[PDB]
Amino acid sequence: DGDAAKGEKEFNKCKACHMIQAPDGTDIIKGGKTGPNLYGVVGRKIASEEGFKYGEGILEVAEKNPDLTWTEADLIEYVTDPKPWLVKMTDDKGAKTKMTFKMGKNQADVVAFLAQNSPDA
């Protein structure tokens, strides 16, 4: 029951490292490039952005769970704190994350907005 409208505002916390750009190159939310493009993230295979240099931990999660694609629930869990999520999914205490940013509240709203921007999910 996240609110995508509120989620768009919440996205201001993410924009410094992530943009939302359509495959055609259309900017939905102009943002940085430290992190991968979030357009179509819902339903997308974990760490699958082309040309994006992902960290070791998330690549390990993809490798270990090949069929894993991001679901809204997983996304909410991950943005809460990537660290523990990665430890959980890799069973590796030392799992490294390139994303240290944590979102302790309003996770569902931001996820709802990501979903709005994952039209073909």
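When you see a residue number, it is the position in the sequence shown, counting from 1.
Asker: Out of 37 to 45 and 68 to 76, which stretch has the higher average CA B-factor listed in the record?
Answerer: If you average the C-alpha B-factors of 37 to 45 and of 68 to 76, the larger mean comes out for 68 to 76.
Asker: When the C-alpha temperature factors are averaged for each of 58 to 66 and 88 to 96, which stretch ends up with the higher value in the entry?
Answerer: Higher mean C-alpha B-factor in the PDB entry: 88 to 96.
Asker: If I read the C-alpha B-factors straight from the PDB entry, which of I20, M103, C14, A112 is highest?
Answerer: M103 has the highest C-alpha B-factor of those listed.
Asker: Consider only the C-alpha atoms of the modelled residues in this chain, order them by B-factor as the entry records it, and name the third containing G32: lowest, middle or highest.
Answerer: Middle third, going by the recorded CA B-factors of the chain.
Asker: Looking at the entry's B-factor column for C-alpha atoms only, identify whether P119 ranks in the lowest, middle or highest third of its chain.
Answerer: It belongs to the highest third of the chain when residues are ordered by C-alpha B-factor.
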